[PDB]
file model05.cif (mmCIF, C-alpha atoms and all ligand atoms)
data_model
loop_
_atom_site.label_atom_id
_atom_site.label_comp_id
_atom_site.auth_asym_id
_atom_site.auth_seq_id
_atom_site.Cartn_x
_atom_site.Cartn_y
_atom_site.Cartn_z
CA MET N 1 -24.97 -37.38 -39.12
CA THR N 2 -27.70 -34.81 -38.44
CA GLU N 3 -31.04 -35.29 -40.20
CA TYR N 4 -33.47 -32.46 -40.99
CA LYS N 5 -37.06 -33.38 -41.85
CA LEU N 6 -38.39 -30.70 -44.19
CA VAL N 7 -41.98 -30.24 -45.36
CA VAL N 8 -43.10 -28.26 -48.40
CA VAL N 9 -46.62 -26.83 -48.21
CA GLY N 10 -48.74 -24.59 -50.42
CA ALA N 11 -51.54 -24.47 -52.98
CA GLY N 12 -51.48 -27.08 -55.71
CA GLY N 13 -49.49 -26.04 -58.76
CA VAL N 14 -47.13 -23.61 -57.02
CA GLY N 15 -44.17 -25.85 -57.81
CA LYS N 16 -43.65 -27.72 -54.55
CA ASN N 17 -42.68 -30.86 -56.47
CA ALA N 18 -40.53 -29.00 -58.99
CA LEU N 19 -38.61 -27.26 -56.21
CA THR N 20 -37.89 -30.62 -54.57
CA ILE N 21 -36.80 -32.32 -57.80
CA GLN N 22 -34.58 -29.35 -58.62
CA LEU N 23 -32.92 -29.65 -55.21
CA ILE N 24 -32.48 -33.42 -55.34
CA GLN N 25 -31.95 -34.26 -59.01
CA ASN N 26 -30.68 -30.84 -60.09
CA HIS N 27 -33.09 -30.46 -63.02
CA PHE N 28 -36.51 -29.09 -64.03
CA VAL N 29 -39.12 -31.14 -65.89
CA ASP N 38 -43.42 -39.69 -51.89
CA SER N 39 -40.47 -38.62 -49.72
CA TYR N 40 -36.99 -37.42 -50.65
CA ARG N 41 -33.60 -37.76 -48.95
CA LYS N 42 -30.45 -35.96 -50.08
CA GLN N 43 -27.08 -36.05 -48.32
CA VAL N 44 -25.43 -32.63 -48.36
CA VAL N 45 -22.85 -30.54 -46.52
CA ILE N 46 -24.26 -27.31 -45.09
CA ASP N 47 -21.95 -24.91 -43.25
CA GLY N 48 -19.38 -27.67 -42.75
CA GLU N 49 -21.99 -30.01 -41.29
CA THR N 50 -22.74 -33.19 -43.23
CA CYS N 51 -26.48 -33.78 -42.97
CA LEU N 52 -29.46 -35.57 -44.47
CA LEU N 53 -32.40 -33.59 -45.84
CA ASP N 54 -35.68 -35.49 -45.62
CA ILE N 55 -38.29 -33.73 -47.74
CA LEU N 56 -41.79 -35.15 -47.28
CA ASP N 57 -44.24 -33.01 -49.16
CA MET N 72 -46.51 -32.71 -40.69
CA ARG N 73 -47.00 -34.92 -38.66
CA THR N 74 -44.18 -34.20 -38.08
CA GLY N 75 -41.57 -32.03 -39.80
CA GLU N 76 -38.96 -29.81 -38.22
CA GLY N 77 -39.12 -27.06 -40.84
CA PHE N 78 -41.69 -25.91 -43.37
CA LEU N 79 -41.37 -24.34 -46.80
CA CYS N 80 -44.50 -22.27 -47.30
CA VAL N 81 -44.64 -21.89 -51.08
CA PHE N 82 -46.75 -19.73 -53.36
CA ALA N 83 -46.29 -18.65 -56.98
CA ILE N 84 -45.71 -15.00 -57.86
CA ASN N 85 -48.03 -15.34 -60.85
CA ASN N 86 -50.80 -16.70 -58.65
CA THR N 87 -52.44 -14.25 -56.25
CA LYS N 88 -54.70 -16.89 -54.70
CA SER N 89 -51.80 -19.18 -53.78
CA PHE N 90 -50.37 -16.19 -51.92
CA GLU N 91 -53.65 -15.55 -50.10
CA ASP N 92 -53.82 -19.24 -49.14
CA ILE N 93 -50.45 -19.13 -47.38
CA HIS N 94 -52.06 -17.91 -44.16
CA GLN N 95 -54.29 -20.98 -44.00
CA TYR N 96 -51.25 -23.24 -44.35
CA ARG N 97 -49.28 -21.49 -41.60
CA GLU N 98 -52.28 -21.53 -39.25
CA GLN N 99 -52.56 -25.28 -39.76
CA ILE N 100 -48.85 -25.78 -39.07
CA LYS N 101 -49.10 -23.64 -35.93
CA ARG N 102 -52.06 -25.66 -34.64
CA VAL N 103 -50.44 -29.02 -35.46
CA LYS N 104 -47.11 -28.06 -33.88
CA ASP N 105 -49.00 -26.46 -30.98
CA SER N 106 -46.50 -23.62 -31.34
CA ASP N 107 -46.16 -20.07 -32.63
CA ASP N 108 -42.47 -20.31 -33.53
CA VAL N 109 -41.98 -23.07 -36.07
CA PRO N 110 -38.93 -23.01 -38.33
CA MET N 111 -40.30 -21.99 -41.72
CA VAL N 112 -39.52 -19.94 -44.83
CA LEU N 113 -41.91 -18.11 -47.14
CA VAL N 114 -41.09 -19.05 -50.73
CA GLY N 115 -42.24 -17.14 -53.80
CA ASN N 116 -41.78 -19.61 -56.66
CA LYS N 117 -41.82 -19.19 -60.45
CA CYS N 118 -39.88 -15.94 -60.21
CA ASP N 119 -38.77 -16.61 -63.79
CA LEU N 120 -42.25 -15.73 -65.04
CA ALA N 121 -43.13 -12.22 -66.22
CA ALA N 122 -46.77 -12.36 -65.13
CA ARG N 123 -46.12 -11.27 -61.54
CA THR N 124 -49.29 -10.51 -59.58
CA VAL N 125 -47.63 -10.75 -56.16
CA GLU N 126 -45.05 -8.05 -55.49
CA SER N 127 -41.94 -9.00 -53.53
CA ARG N 128 -42.82 -6.30 -51.00
CA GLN N 129 -46.16 -7.97 -50.28
CA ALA N 130 -44.46 -11.28 -49.48
CA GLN N 131 -41.81 -9.51 -47.38
CA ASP N 132 -44.54 -7.82 -45.33
CA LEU N 133 -46.32 -11.14 -44.86
CA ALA N 134 -43.07 -12.87 -43.90
CA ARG N 135 -42.20 -10.06 -41.50
CA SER N 136 -45.56 -10.50 -39.78
CA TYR N 137 -44.68 -14.18 -39.35
CA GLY N 138 -41.12 -13.49 -38.24
CA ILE N 139 -39.73 -15.67 -41.03
CA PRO N 140 -37.47 -15.14 -44.08
CA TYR N 141 -38.82 -14.59 -47.58
CA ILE N 142 -36.99 -16.07 -50.56
CA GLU N 143 -37.90 -16.09 -54.24
CA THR N 144 -37.17 -19.23 -56.24
CA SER N 145 -37.48 -20.72 -59.70
CA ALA N 146 -37.60 -24.49 -59.98
CA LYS N 147 -37.05 -23.90 -63.70
CA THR N 148 -33.85 -21.84 -63.67
CA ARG N 149 -32.88 -23.18 -60.24
CA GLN N 150 -32.55 -19.64 -58.88
CA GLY N 151 -32.81 -19.53 -55.08
CA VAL N 152 -33.79 -23.19 -54.76
CA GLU N 153 -30.76 -24.27 -52.72
CA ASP N 154 -30.99 -21.02 -50.76
CA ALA N 155 -34.60 -21.78 -49.84
CA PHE N 156 -33.91 -25.25 -48.43
CA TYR N 157 -30.54 -24.36 -46.89
CA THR N 158 -32.01 -21.26 -45.27
CA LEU N 159 -34.79 -23.40 -43.80
CA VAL N 160 -32.20 -25.73 -42.29
CA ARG N 161 -30.48 -22.73 -40.70
CA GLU N 162 -33.84 -21.72 -39.26
CA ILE N 163 -34.18 -25.16 -37.72
CA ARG N 164 -30.72 -24.90 -36.16
CA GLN N 165 -31.76 -21.72 -34.31
CA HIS N 166 -34.72 -23.51 -32.75
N1 LIG N 201 -41.91 -21.22 -65.21
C1 LIG N 201 -41.88 -21.96 -64.08
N2 LIG N 201 -42.71 -23.03 -63.97
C2 LIG N 201 -42.71 -23.80 -62.86
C3 LIG N 201 -41.80 -23.47 -61.76
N3 LIG N 201 -42.01 -24.39 -60.79
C4 LIG N 201 -42.98 -25.23 -61.24
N4 LIG N 201 -43.39 -24.89 -62.47
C5 LIG N 201 -44.43 -25.55 -63.28
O1 LIG N 201 -45.70 -25.46 -62.63
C6 LIG N 201 -46.48 -26.62 -62.93
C7 LIG N 201 -46.97 -27.24 -61.64
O2 LIG N 201 -45.84 -27.38 -60.78
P1 LIG N 201 -45.85 -28.53 -59.65
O3 LIG N 201 -44.45 -28.79 -59.16
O4 LIG N 201 -46.49 -29.78 -60.18
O5 LIG N 201 -46.77 -27.81 -58.54
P2 LIG N 201 -47.13 -28.50 -57.13
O6 LIG N 201 -48.61 -28.79 -57.11
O7 LIG N 201 -46.83 -27.53 -56.01
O8 LIG N 201 -46.33 -29.76 -56.94
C8 LIG N 201 -45.57 -27.59 -63.65
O9 LIG N 201 -45.92 -27.57 -65.04
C9 LIG N 201 -44.18 -27.04 -63.46
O10 LIG N 201 -43.35 -27.30 -64.59
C10 LIG N 201 -40.93 -22.29 -61.95
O11 LIG N 201 -40.12 -21.93 -61.06
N5 LIG N 201 -41.03 -21.61 -63.10
CA CA N 202 -47.62 -32.24 -60.31
#
call {"tool": "encode", "arguments": {"input": "model05.cif", "output": "structure tokens", "more": "lines below"}}
Ligand SMILES: Nc1nc2c(ncn2[C@@H]2O[C@H](COP(=O)(O)OP(=O)(O)O)[C@@H](O)[C@H]2O)c(=O)[nH]1
Ligand SMILES: [Ca+2]
result
Amino acid sequence: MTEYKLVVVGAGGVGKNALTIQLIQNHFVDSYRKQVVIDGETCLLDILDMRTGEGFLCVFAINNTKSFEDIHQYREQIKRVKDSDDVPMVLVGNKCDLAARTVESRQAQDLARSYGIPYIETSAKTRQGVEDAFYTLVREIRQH
């Protein structure tokens, strides 16, 4: 059974933990391992948060401009650590259930395009896009 080691990075308070708990325990309110079938393949998702992960969720919150601006720092670190320019990763805009949006989707898309990675909006609260975020990351790992 294939095992994907996933890392979630981003400013504190963006919902990294909430996203993980929503994926694993299916609810909104230290490593994690969930067995799941993705595209017919039975696999094991190992969510840490580098050192060394196979895929990285770069998370910010759409109601938090600074967390968005900090994303670049996080990716640069990952690139240095992995000694590579092409690391499987997804840009995640969390808390999309909130009305106080200060980061437009277009902004994140442009950033993601510059990185050559997908952008997905999530809500650990409503569960919107959570599975899609992690699953999409796995599919990015499979292309690598
Ligand atoms: N409304 C809303 N709140 C969220 C969402 N994700 C996380 N939160 C809240 O944001 C706060 C900090 O989230 P947390 O997971 O601890 O951030 P972390 O530092 O990245 O782990 C908590 O009170 C969460 O309930 C979301 O998608 N929507
Ligand atoms: Ca917390």
call {"tool": "residues_around", "arguments": {"input": "model05.cif", "residues": "residue 123 in chain N", "least_positions_apart": "3", "cutoff": "8 Å", "atoms": "all atoms listed in the file", "output": "PyMOL selection string"}}
result
chain N and resi 84-86+118+120+126
call {"tool": "write_last_selection", "arguments": {"input": "model05.cif", "atoms": "C-alpha atoms", "output": "JSON list (two decimals), in the frame of the given file"}}
result
[["chain", "number", "residue", "atom", "x", "y", "z"],
["N", 84, "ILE", "CA", -45.71, -15.00, -57.86],
["N", 85, "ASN", "CA", -48.03, -15.34, -60.85],
["N", 86, "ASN", "CA", -50.80, -16.70, -58.65],
["N", 118, "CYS", "CA", -39.88, -15.94, -60.21],
["N", 120, "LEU", "CA", -42.25, -15.73, -65.04],
["N", 126, "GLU", "CA", -45.05, -8.05, -55.49]]
call {"tool": "atom_distance", "arguments": {"input": "model05.cif", "atom1": "CA of residue 134 in chain N", "atom2": "CA of residue 46 in chain N"}}
result
23.7 Å
call {"tool": "closest_residue", "arguments": {"input": "model05.cif", "among": "N:96, N:157, N:141, N:78", "to": "residue 8 in chain N", "atoms": "only C-alpha atoms"}}
result
N:78
call {"tool": "residues_around", "arguments": {"input": "model05.cif", "residues": "residue 133 in chain N", "least_positions_apart": "4", "cutoff": "10 Å", "atoms": "all atoms listed in the file", "output": "PyMOL selection string"}}
result
chain N and resi 90+93-94+113+127-129+137-141
call {"tool": "closest_atom_pairs", "arguments": {"input": "model05.cif", "of": "range 85-159 of chain N", "to": "range 12-44 of chain N", "cutoff": "10 Å", "atoms": "all atoms listed in the file", "output": "Markdown table"}}
result
| residue | atom | partner | partner_atom | distance |
| --- | --- | --- | --- | --- |
| N:85 | CA | N:14 | CA | 9.2 |
| N:86 | CA | N:14 | CA | 8.0 |
| N:89 | CA | N:14 | CA | 7.2 |
| N:90 | CA | N:14 | CA | 9.6 |
| N:114 | CA | N:16 | CA | 9.8 |
| N:115 | CA | N:14 | CA | 8.7 |
| N:116 | CA | N:14 | CA | 6.7 |
| N:117 | CA | N:15 | CA | 7.5 |
| N:144 | CA | N:19 | CA | 8.2 |
| N:145 | CA | N:19 | CA | 7.5 |
| N:146 | CA | N:19 | CA | 4.8 |
| N:147 | CA | N:28 | CA | 5.2 |
| N:148 | CA | N:28 | CA | 7.7 |
| N:149 | CA | N:22 | CA | 6.6 |
| N:150 | CA | N:22 | CA | 9.9 |
| N:151 | CA | N:19 | CA | 9.7 |
| N:152 | CA | N:19 | CA | 6.5 |
| N:153 | CA | N:23 | CA | 6.3 |
| N:154 | CA | N:23 | CA | 9.9 |
| N:155 | CA | N:19 | CA | 9.3 |
| N:156 | CA | N:23 | CA | 8.1 |
| N:157 | CA | N:44 | CA | 9.8 |
call {"tool": "closest_residue", "arguments": {"input": "model05.cif", "among": "N:74, N:2, N:50, N:136", "to": "residue 107 in chain N", "atoms": "all atoms listed in the file"}}
result
N:136
call {"tool": "closest_residue", "arguments": {"input": "model05.cif", "among": "N:162, N:6, N:119, N:54", "to": "ligand LIG 201 (chain N)", "atoms": "all atoms listed in the file"}}
result
N:119
call {"tool": "closest_residue", "arguments": {"input": "model05.cif", "among": "N:122, N:73, N:112, N:87", "to": "ligand LIG 201 (chain N)", "atoms": "all atoms listed in the file"}}
result
N:122
call {"tool": "closest_residue", "arguments": {"input": "model05.cif", "among": "N:124, N:165, N:99, N:106", "to": "residue 82 in chain N", "atoms": "all atoms listed in the file"}}
result
N:124
call {"tool": "residues_around", "arguments": {"input": "model05.cif", "residues": "residue 7 in chain N", "least_positions_apart": "4", "cutoff": "9 Å", "atoms": "all atoms listed in the file", "output": "CSV table (one decimal) with C-alpha atoms, in the frame of the given file"}}
result
chain,number,residue,atom,x,y,z
N,54,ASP,CA,-35.7,-35.5,-45.6
N,55,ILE,CA,-38.3,-33.7,-47.7
N,56,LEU,CA,-41.8,-35.2,-47.3
N,57,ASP,CA,-44.2,-33.0,-49.2
N,72,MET,CA,-46.5,-32.7,-40.7
N,74,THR,CA,-44.2,-34.2,-38.1
N,75,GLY,CA,-41.6,-32.0,-39.8
N,76,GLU,CA,-39.0,-29.8,-38.2
N,77,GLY,CA,-39.1,-27.1,-40.8
N,78,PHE,CA,-41.7,-25.9,-43.4
N,79,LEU,CA,-41.4,-24.3,-46.8
N,80,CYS,CA,-44.5,-22.3,-47.3
call {"tool": "axis_aligned_box", "arguments": {"input": "model05.cif", "around": "range 18-25 of chain N", "padding_each_side": "4 Å", "output": "AutoDock Vina command-line options"}}
result
--center_x -36.2 --center_y -30.8 --center_z -56.8 --size_x 16.6 --size_y 15.0 --size_z 12.4
call {"tool": "atom_distance", "arguments": {"input": "model05.cif", "atom1": "CA of residue 130 in chain N", "atom2": "CA of residue 166 in chain N"}}
result
22.9 Å
call {"tool": "atom_distance", "arguments": {"input": "model05.cif", "atom1": "CA of residue 158 in chain N", "atom2": "CA of residue 4 in chain N"}}
result
12.1 Å
call {"tool": "closest_residue", "arguments": {"input": "model05.cif", "among": "N:160, N:11, N:45, N:52", "to": "ligand CA 202 (chain N)", "atoms": "all atoms listed in the file"}}
result
N:11
call {"tool": "build_atoms", "arguments": {"input": "model05.cif", "residues": "range 4-27 of chain N", "atoms": "N, CA, C and O atoms", "output": "CSV table (one decimal), in the frame of the given file"}}
result
chain,number,residue,atom,x,y,z
N,4,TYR,N,-32.4,-33.5,-41.0
N,4,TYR,CA,-33.5,-32.5,-41.0
N,4,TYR,C,-34.7,-32.9,-41.8
N,4,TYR,O,-34.6,-33.1,-43.0
N,5,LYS,N,-35.8,-33.0,-41.2
N,5,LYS,CA,-37.1,-33.4,-41.8
N,5,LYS,C,-37.8,-32.1,-42.3
N,5,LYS,O,-38.3,-31.4,-41.5
N,6,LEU,N,-37.8,-31.9,-43.6
N,6,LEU,CA,-38.4,-30.7,-44.2
N,6,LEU,C,-39.7,-31.0,-44.9
N,6,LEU,O,-39.8,-32.0,-45.6
N,7,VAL,N,-40.7,-30.1,-44.7
N,7,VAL,CA,-42.0,-30.2,-45.4
N,7,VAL,C,-42.2,-29.0,-46.3
N,7,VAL,O,-42.0,-27.9,-45.9
N,8,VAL,N,-42.7,-29.3,-47.5
N,8,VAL,CA,-43.1,-28.3,-48.4
N,8,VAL,C,-44.6,-28.2,-48.5
N,8,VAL,O,-45.3,-29.1,-48.9
N,9,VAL,N,-45.2,-27.0,-48.2
N,9,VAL,CA,-46.6,-26.8,-48.2
N,9,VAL,C,-47.0,-25.7,-49.1
N,9,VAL,O,-46.2,-24.8,-49.4
N,10,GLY,N,-48.2,-25.6,-49.6
N,10,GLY,CA,-48.7,-24.6,-50.4
N,10,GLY,C,-49.8,-25.1,-51.4
N,10,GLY,O,-49.9,-26.3,-51.6
N,11,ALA,N,-50.5,-24.1,-52.0
N,11,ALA,CA,-51.5,-24.5,-53.0
N,11,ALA,C,-51.0,-25.4,-54.1
N,11,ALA,O,-49.8,-25.4,-54.4
N,12,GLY,N,-51.9,-26.2,-54.6
N,12,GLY,CA,-51.5,-27.1,-55.7
N,12,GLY,C,-51.1,-26.3,-56.9
N,12,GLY,O,-51.7,-25.3,-57.3
N,13,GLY,N,-49.9,-26.7,-57.5
N,13,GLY,CA,-49.5,-26.0,-58.8
N,13,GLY,C,-48.5,-24.9,-58.6
N,13,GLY,O,-48.1,-24.3,-59.5
N,14,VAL,N,-48.1,-24.7,-57.3
N,14,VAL,CA,-47.1,-23.6,-57.0
N,14,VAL,C,-45.7,-24.0,-57.3
N,14,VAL,O,-44.8,-23.2,-57.4
N,15,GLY,N,-45.5,-25.3,-57.4
N,15,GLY,CA,-44.2,-25.8,-57.8
N,15,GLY,C,-43.4,-26.5,-56.7
N,15,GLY,O,-42.2,-26.7,-56.7
N,16,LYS,N,-44.2,-27.0,-55.7
N,16,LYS,CA,-43.6,-27.7,-54.6
N,16,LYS,C,-42.8,-28.9,-55.0
N,16,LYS,O,-41.7,-29.1,-54.6
N,17,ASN,N,-43.4,-29.7,-55.9
N,17,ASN,CA,-42.7,-30.9,-56.5
N,17,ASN,C,-41.5,-30.5,-57.3
N,17,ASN,O,-40.4,-31.1,-57.2
N,18,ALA,N,-41.6,-29.5,-58.1
N,18,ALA,CA,-40.5,-29.0,-59.0
N,18,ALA,C,-39.3,-28.5,-58.2
N,18,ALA,O,-38.2,-28.7,-58.5
N,19,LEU,N,-39.6,-27.8,-57.1
N,19,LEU,CA,-38.6,-27.3,-56.2
N,19,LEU,C,-37.8,-28.4,-55.6
N,19,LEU,O,-36.6,-28.4,-55.5
N,20,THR,N,-38.5,-29.5,-55.2
N,20,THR,CA,-37.9,-30.6,-54.6
N,20,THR,C,-37.0,-31.4,-55.6
N,20,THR,O,-35.9,-31.7,-55.3
N,21,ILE,N,-37.5,-31.6,-56.8
N,21,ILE,CA,-36.8,-32.3,-57.8
N,21,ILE,C,-35.6,-31.5,-58.2
N,21,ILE,O,-34.5,-32.1,-58.5
N,22,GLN,N,-35.7,-30.2,-58.3
N,22,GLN,CA,-34.6,-29.4,-58.6
N,22,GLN,C,-33.5,-29.4,-57.6
N,22,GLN,O,-32.3,-29.5,-57.9
N,23,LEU,N,-33.9,-29.5,-56.3
N,23,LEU,CA,-32.9,-29.6,-55.2
N,23,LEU,C,-32.2,-31.0,-55.3
N,23,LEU,O,-31.0,-31.1,-55.3
N,24,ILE,N,-33.0,-32.1,-55.4
N,24,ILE,CA,-32.5,-33.4,-55.3
N,24,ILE,C,-31.7,-33.8,-56.6
N,24,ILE,O,-30.5,-34.0,-56.6
N,25,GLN,N,-32.5,-33.8,-57.7
N,25,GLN,CA,-32.0,-34.3,-59.0
N,25,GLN,C,-31.3,-33.2,-59.9
N,25,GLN,O,-30.8,-33.5,-60.9
N,26,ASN,N,-31.4,-31.9,-59.4
N,26,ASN,CA,-30.7,-30.8,-60.1
N,26,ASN,C,-31.2,-30.5,-61.5
N,26,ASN,O,-30.5,-30.0,-62.3
N,27,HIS,N,-32.5,-30.8,-61.7
N,27,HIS,CA,-33.1,-30.5,-63.0
N,27,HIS,C,-34.6,-30.2,-62.9
N,27,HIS,O,-35.3,-30.6,-62.0
